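**Q** The file below is start.csv, CSV, C-alpha atoms and all ligand atoms:
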```csv
chain,number,residue,atom,x,y,z
A,7,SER,CA,-65.8,-95.1,-58.8
A,8,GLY,CA,-65.1,-96.8,-62.1
A,9,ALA,CA,-62.5,-97.3,-64.9
A,10,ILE,CA,-62.2,-98.0,-68.7
A,11,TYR,CA,-60.0,-101.0,-69.6
A,12,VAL,CA,-58.7,-100.9,-73.2
A,13,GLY,CA,-55.7,-102.8,-74.4
A,14,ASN,CA,-52.9,-102.5,-71.8
A,15,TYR,CA,-54.4,-99.3,-70.3
A,16,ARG,CA,-56.7,-98.3,-67.4
A,17,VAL,CA,-58.4,-94.9,-67.6
A,18,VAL,CA,-59.7,-93.4,-64.4
A,19,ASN,CA,-60.6,-90.0,-62.9
A,20,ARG,CA,-57.3,-88.4,-61.9
A,21,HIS,CA,-58.7,-87.4,-58.5
A,22,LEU,CA,-59.5,-91.1,-57.8
A,23,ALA,CA,-56.3,-92.6,-59.1
A,24,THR,CA,-54.6,-95.1,-56.7
A,25,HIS,CA,-51.0,-95.4,-55.6
A,26,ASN,CA,-50.7,-98.3,-58.1
A,27,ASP,CA,-52.1,-96.1,-60.9
A,28,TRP,CA,-49.4,-93.4,-60.2
A,29,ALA,CA,-46.7,-96.1,-60.0
A,30,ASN,CA,-47.7,-97.3,-63.5
A,31,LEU,CA,-48.4,-93.9,-65.0
A,32,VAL,CA,-48.7,-93.5,-68.7
A,33,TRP,CA,-50.3,-90.0,-69.0
A,34,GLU,CA,-52.3,-87.6,-66.8
A,35,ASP,CA,-53.9,-84.2,-67.2
A,36,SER,CA,-55.3,-82.3,-64.2
A,37,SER,CA,-57.2,-79.9,-66.6
A,38,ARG,CA,-59.2,-82.9,-67.9
A,39,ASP,CA,-59.5,-84.9,-64.6
A,40,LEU,CA,-58.0,-87.9,-66.4
A,41,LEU,CA,-55.2,-90.4,-65.7
A,42,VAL,CA,-54.2,-93.5,-67.6
A,43,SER,CA,-52.0,-96.3,-66.1
A,44,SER,CA,-50.6,-99.5,-67.7
A,45,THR,CA,-52.0,-102.9,-66.9
A,46,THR,CA,-50.6,-106.4,-67.2
A,47,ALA,CA,-53.9,-108.0,-68.4
A,48,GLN,CA,-55.6,-107.2,-71.7
A,49,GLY,CA,-58.6,-105.0,-71.6
A,50,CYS,CA,-61.1,-105.2,-74.4
A,51,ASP,CA,-63.5,-102.2,-73.8
A,52,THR,CA,-63.9,-100.4,-77.3
A,53,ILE,CA,-63.4,-96.6,-77.5
A,54,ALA,CA,-66.0,-94.7,-79.7
A,55,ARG,CA,-64.4,-92.6,-82.5
A,56,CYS,CA,-67.5,-90.5,-83.5
A,57,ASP,CA,-69.3,-87.2,-83.0
A,58,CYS,CA,-72.4,-88.6,-81.0
A,59,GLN,CA,-74.1,-86.3,-78.6
A,60,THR,CA,-76.5,-88.9,-77.2
A,61,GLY,CA,-75.7,-92.0,-75.2
A,62,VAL,CA,-76.3,-93.9,-72.0
A,63,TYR,CA,-74.4,-93.6,-68.7
A,64,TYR,CA,-74.2,-95.7,-65.5
A,65,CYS,CA,-75.3,-93.9,-62.3
A,66,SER,CA,-74.0,-95.8,-59.2
A,67,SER,CA,-76.1,-93.6,-56.8
A,68,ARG,CA,-79.2,-95.1,-58.5
A,69,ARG,CA,-77.8,-98.5,-59.6
A,70,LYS,CA,-79.3,-97.6,-63.0
A,71,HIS,CA,-78.4,-96.5,-66.5
A,72,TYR,CA,-80.0,-93.3,-68.0
A,73,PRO,CA,-80.1,-91.9,-71.5
A,74,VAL,CA,-78.6,-88.4,-72.0
A,75,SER,CA,-78.2,-85.7,-74.6
A,76,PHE,CA,-74.8,-84.0,-73.9
A,77,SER,CA,-72.8,-81.0,-75.1
A,78,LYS,CA,-69.7,-81.3,-77.3
A,79,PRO,CA,-66.4,-81.4,-75.3
A,80,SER,CA,-65.5,-77.9,-74.1
A,81,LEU,CA,-63.9,-75.7,-71.4
A,82,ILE,CA,-66.3,-75.4,-68.4
A,83,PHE,CA,-65.7,-73.6,-65.1
A,84,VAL,CA,-65.8,-76.1,-62.2
A,85,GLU,CA,-66.0,-74.8,-58.6
A,86,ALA,CA,-63.4,-75.7,-56.0
A,87,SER,CA,-63.5,-79.1,-54.3
A,88,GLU,CA,-61.2,-81.0,-52.0
A,89,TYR,CA,-59.4,-82.3,-55.1
A,90,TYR,CA,-58.9,-79.1,-57.2
A,91,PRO,CA,-59.1,-75.3,-56.8
A,92,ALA,CA,-61.8,-73.5,-58.9
A,93,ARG,CA,-60.6,-73.9,-62.5
A,94,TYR,CA,-61.7,-74.5,-66.1
A,95,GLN,CA,-61.9,-78.2,-66.9
A,96,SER,CA,-61.3,-79.0,-70.6
A,97,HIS,CA,-62.8,-81.7,-72.8
A,98,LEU,CA,-65.9,-81.8,-70.5
A,99,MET,CA,-69.4,-82.6,-71.8
A,100,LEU,CA,-72.5,-81.7,-69.8
A,101,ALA,CA,-76.0,-83.3,-69.7
A,102,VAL,CA,-79.1,-83.2,-67.6
A,103,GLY,CA,-79.1,-86.3,-65.4
A,104,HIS,CA,-78.7,-87.3,-61.7
A,105,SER,CA,-75.2,-87.5,-60.2
A,106,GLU,CA,-73.5,-87.3,-56.8
A,107,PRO,CA,-69.6,-87.1,-56.2
A,108,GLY,CA,-69.2,-90.9,-55.9
A,109,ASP,CA,-70.7,-91.4,-59.4
A,110,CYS,CA,-67.4,-90.3,-60.9
A,111,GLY,CA,-66.0,-93.1,-63.1
A,112,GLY,CA,-69.4,-94.3,-64.4
A,113,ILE,CA,-69.1,-95.0,-68.2
A,114,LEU,CA,-71.0,-93.0,-70.9
A,115,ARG,CA,-71.4,-95.1,-74.1
A,116,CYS,CA,-73.0,-94.6,-77.5
A,117,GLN,CA,-73.7,-97.3,-80.2
A,118,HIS,CA,-69.9,-97.0,-81.2
A,119,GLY,CA,-68.3,-97.7,-77.8
A,120,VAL,CA,-67.1,-95.8,-74.7
A,121,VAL,CA,-67.4,-92.1,-75.0
A,122,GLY,CA,-66.1,-91.0,-71.5
A,123,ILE,CA,-66.5,-91.2,-67.7
A,124,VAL,CA,-68.5,-89.2,-65.2
A,125,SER,CA,-66.3,-86.4,-63.8
A,126,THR,CA,-68.6,-83.5,-62.5
A,127,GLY,CA,-72.2,-82.8,-61.6
A,128,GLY,CA,-74.7,-81.2,-59.4
A,129,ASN,CA,-78.3,-79.9,-59.3
A,130,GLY,CA,-79.6,-82.3,-61.9
A,131,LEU,CA,-76.5,-82.0,-64.1
A,132,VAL,CA,-73.8,-84.6,-64.9
A,133,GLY,CA,-70.5,-83.9,-66.7
A,134,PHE,CA,-68.4,-86.4,-68.6
A,135,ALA,CA,-64.7,-86.3,-69.3
A,136,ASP,CA,-64.4,-87.2,-73.1
A,137,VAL,CA,-61.9,-89.9,-74.1
A,138,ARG,CA,-62.7,-90.1,-77.9
A,139,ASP,CA,-59.8,-87.8,-78.9
A,140,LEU,CA,-57.2,-90.1,-77.2
A,141,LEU,CA,-56.3,-92.1,-80.3
A,142,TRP,CA,-53.3,-93.8,-78.8
A,143,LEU,CA,-55.6,-95.7,-76.4
A,144,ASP,CA,-56.0,-98.2,-79.3
A,145,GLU,CA,-52.4,-98.9,-80.1
B,201,LIG,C1,-70.2,-86.2,-60.2
B,201,LIG,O1,-69.7,-85.2,-59.4
B,201,LIG,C2,-70.6,-84.4,-58.6
B,201,LIG,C3,-72.0,-84.6,-58.7
B,201,LIG,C4,-72.8,-83.8,-57.9
B,201,LIG,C5,-72.2,-82.9,-57.1
B,201,LIG,CL1,-73.3,-81.9,-56.0
B,201,LIG,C6,-70.9,-82.7,-57.0
B,201,LIG,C7,-70.1,-83.5,-57.8
B,201,LIG,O2,-68.7,-83.4,-57.6
B,201,LIG,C8,-68.0,-82.7,-58.6
B,201,LIG,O3,-68.6,-82.1,-59.5
B,201,LIG,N1,-66.7,-82.6,-58.4
B,201,LIG,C9,-66.0,-83.2,-57.2
B,201,LIG,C10,-64.9,-84.2,-57.6
B,201,LIG,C11,-63.9,-83.6,-58.6
B,201,LIG,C12,-64.7,-83.0,-59.8
B,201,LIG,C13,-63.8,-82.4,-60.8
B,201,LIG,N2,-63.8,-83.0,-62.0
B,201,LIG,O4,-63.3,-81.3,-60.6
B,201,LIG,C14,-65.8,-82.0,-59.3
B,202,ZN,ZN,-71.0,-92.7,-81.2
```
Would you mind writing the file's structure down as structure tokens?
Ligand SMILES: COc1ccc(Cl)cc1OC(=O)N1CCC[C@H](C(N)=O)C1
Ligand SMILES: [Zn+2]

**A**
Amino acid sequence: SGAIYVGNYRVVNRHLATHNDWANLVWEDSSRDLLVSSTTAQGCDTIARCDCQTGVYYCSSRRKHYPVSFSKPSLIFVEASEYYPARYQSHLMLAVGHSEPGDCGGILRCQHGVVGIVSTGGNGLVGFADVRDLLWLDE
């Protein structure tokens, strides 16, 4: 679990969005595993606007943060789960690091701000849905 709170927006994994997220829907994209809903309270998380390929993510299945080197956002094939059929997920960044399904939502940050959230993983890999291209999150 986990979310990003920026301005009047909440960014979560689409497959973990709640009934309230869908009732306050701003934008969603199944191919990215992202959903953004509106909030009444102001968030003040900062979104990175950069080309970093290193950062630190939070891993809830270890209660720890780990440093990572990750690939640039790209189209990656993700095997079927209970949430989606087998498909290409876009804007996904992969790195070597521990993850389990419930780690989805953990934040990846660089020195400039939030980069993205855990969205995929397995066998010593962890994948992050990028949010740095969503320029409207700041207005
Ligand atoms: C962090 O996720 C995992 C980590 C390890 C393992 Cl063995 C499996 C993990 O589950 C996943 O990769 N998915 C399940 C939920 C939906 C995901 C998606 N974005 O399509 C894919
Ligand atoms: Zn950065």

**Q** Choose the residue, out of A:45, A:26, A:37, A:52, that has the smallest atom-to-atom separation from residue A:80; count only C-alpha atoms.

**A**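 Answer, going by the shortest atom-to-atom distance: A:37.
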
**Q** Just the residues within 7 Å of residue A:53, please, counting all atoms listed in the file, with nothing from its chain fewer than 6 positions along; format it as a list in words.

**A**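 Listing them by chain and then by number gives residues 119, 120, 121 and 138 of chain A.
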
**Q** Counting all atoms listed in the file, name the residues that have an atom within 10 Å of an atom of ligand LIG 201 (chain B); the answer should be given as a PyMOL selection string.

**A** chain A and resi 19-22+36-40+65+83-96+98+103-112+123-135

**Q** Quick one: of A:75, A:35, A:137, A:142, who's nearest to residue A:61, counting all atoms listed in the file?

**A** A:75

**Q** Show me a table, sorted first by chain and then by increasing residue number, of the residues of chain A having an atom at most 7 Å from ligand ZN 202 (chain B), each with its shortest atom pair and the distance in Å to one decimal, counting all atoms listed in the file and written as CSV.

**A**
```
residue,atom,partner,partner_atom,distance
A:54,CA,B:ZN202,ZN,5.6
A:55,CA,B:ZN202,ZN,6.7
A:56,CA,B:ZN202,ZN,4.7
A:57,CA,B:ZN202,ZN,6.0
A:58,CA,B:ZN202,ZN,4.3
A:116,CA,B:ZN202,ZN,4.6
A:117,CA,B:ZN202,ZN,5.4
A:118,CA,B:ZN202,ZN,4.4
A:119,CA,B:ZN202,ZN,6.6
```

**Q** Between A:74, A:114, A:81, A:42, which has the minimum distance to residue A:23 (counting only C-alpha atoms)?

**A**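 Under the stated criterion, the closest residue is A:42.
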
**Q** As an exercise, work out the distance from atom CA of residue A:50 to atom CA of residue A:99 in Å and give it to one decimal place.

**A**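 Result for atom CA of residue A:50 versus atom CA of residue A:99: 24.2 Å, one decimal.
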
**Q** Could you add the missing atoms to stretch 12-43 of chain A, up to N, CA and C atoms, and return them as a CSV table (one decimal), keeping the file's coordinate frame?

**A**
```
chain,number,residue,atom,x,y,z
A,12,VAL,N,-58.9,-100.7,-71.7
A,12,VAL,CA,-58.7,-100.9,-73.2
A,12,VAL,C,-57.3,-101.2,-73.5
A,13,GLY,N,-57.0,-102.3,-74.1
A,13,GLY,CA,-55.7,-102.8,-74.4
A,13,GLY,C,-54.9,-103.0,-73.1
A,14,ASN,N,-53.7,-102.4,-73.0
A,14,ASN,CA,-52.9,-102.5,-71.8
A,14,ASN,C,-53.1,-101.2,-71.0
A,15,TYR,N,-54.2,-100.5,-71.0
A,15,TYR,CA,-54.4,-99.3,-70.3
A,15,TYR,C,-55.7,-99.3,-69.4
A,16,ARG,N,-55.6,-98.6,-68.3
A,16,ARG,CA,-56.7,-98.3,-67.4
A,16,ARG,C,-56.9,-96.8,-67.4
A,17,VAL,N,-58.1,-96.3,-67.6
A,17,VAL,CA,-58.4,-94.9,-67.6
A,17,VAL,C,-59.3,-94.6,-66.4
A,18,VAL,N,-58.9,-93.7,-65.6
A,18,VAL,CA,-59.7,-93.4,-64.4
A,18,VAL,C,-59.7,-91.9,-64.2
A,19,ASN,N,-60.6,-91.4,-63.3
A,19,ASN,CA,-60.6,-90.0,-62.9
A,19,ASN,C,-59.3,-89.7,-62.2
A,20,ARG,N,-58.6,-88.7,-62.6
A,20,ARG,CA,-57.3,-88.4,-61.9
A,20,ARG,C,-57.4,-88.2,-60.4
A,21,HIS,N,-58.5,-87.6,-60.0
A,21,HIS,CA,-58.7,-87.4,-58.5
A,21,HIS,C,-59.0,-88.7,-57.8
A,22,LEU,N,-59.3,-89.8,-58.4
A,22,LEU,CA,-59.5,-91.1,-57.8
A,22,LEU,C,-58.4,-92.1,-58.0
A,23,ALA,N,-57.4,-91.7,-58.8
A,23,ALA,CA,-56.3,-92.6,-59.1
A,23,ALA,C,-55.6,-93.1,-57.8
A,24,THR,N,-55.3,-94.4,-57.8
A,24,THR,CA,-54.6,-95.1,-56.7
A,24,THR,C,-53.1,-94.9,-56.7
A,25,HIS,N,-52.5,-95.4,-55.6
A,25,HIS,CA,-51.0,-95.4,-55.6
A,25,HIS,C,-50.4,-96.3,-56.7
A,26,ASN,N,-51.1,-97.4,-57.0
A,26,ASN,CA,-50.7,-98.3,-58.1
A,26,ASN,C,-50.9,-97.6,-59.5
A,27,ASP,N,-52.0,-96.8,-59.6
A,27,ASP,CA,-52.1,-96.1,-60.9
A,27,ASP,C,-50.9,-95.1,-61.1
A,28,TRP,N,-50.5,-94.4,-60.1
A,28,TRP,CA,-49.4,-93.4,-60.2
A,28,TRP,C,-48.0,-94.1,-60.4
A,29,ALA,N,-47.9,-95.3,-59.9
A,29,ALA,CA,-46.7,-96.1,-60.0
A,29,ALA,C,-46.6,-96.7,-61.4
A,30,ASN,N,-47.7,-96.8,-62.2
A,30,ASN,CA,-47.7,-97.3,-63.5
A,30,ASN,C,-48.2,-96.3,-64.5
A,31,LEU,N,-47.9,-95.0,-64.2
A,31,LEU,CA,-48.4,-93.9,-65.0
A,31,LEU,C,-48.0,-93.9,-66.4
A,32,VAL,N,-49.0,-93.7,-67.3
A,32,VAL,CA,-48.7,-93.5,-68.7
A,32,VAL,C,-48.9,-92.0,-69.1
A,33,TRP,N,-50.0,-91.4,-68.6
A,33,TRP,CA,-50.3,-90.0,-69.0
A,33,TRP,C,-51.4,-89.5,-68.0
A,34,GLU,N,-51.3,-88.2,-67.6
A,34,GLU,CA,-52.3,-87.6,-66.8
A,34,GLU,C,-52.5,-86.2,-67.2
A,35,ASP,N,-53.7,-85.6,-66.9
A,35,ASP,CA,-53.9,-84.2,-67.2
A,35,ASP,C,-54.9,-83.7,-66.2
A,36,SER,N,-54.5,-82.8,-65.3
A,36,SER,CA,-55.3,-82.3,-64.2
A,36,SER,C,-56.4,-81.4,-64.8
A,37,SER,N,-56.1,-80.7,-65.9
A,37,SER,CA,-57.2,-79.9,-66.6
A,37,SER,C,-58.3,-80.7,-67.1
A,38,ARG,N,-58.1,-82.0,-67.4
A,38,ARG,CA,-59.2,-82.9,-67.9
A,38,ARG,C,-59.7,-83.9,-66.8
A,39,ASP,N,-59.1,-83.9,-65.6
A,39,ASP,CA,-59.5,-84.9,-64.6
A,39,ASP,C,-59.3,-86.3,-65.1
A,40,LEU,N,-58.2,-86.5,-65.9
A,40,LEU,CA,-58.0,-87.9,-66.4
A,40,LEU,C,-56.6,-88.4,-66.1
A,41,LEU,N,-56.5,-89.7,-65.8
A,41,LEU,CA,-55.2,-90.4,-65.7
A,41,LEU,C,-55.3,-91.7,-66.3
A,42,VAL,N,-54.2,-92.1,-67.0
A,42,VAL,CA,-54.2,-93.5,-67.6
A,42,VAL,C,-52.9,-94.2,-67.1
A,43,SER,N,-53.1,-95.4,-66.6
A,43,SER,CA,-52.0,-96.3,-66.1
A,43,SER,C,-52.0,-97.5,-67.0
```
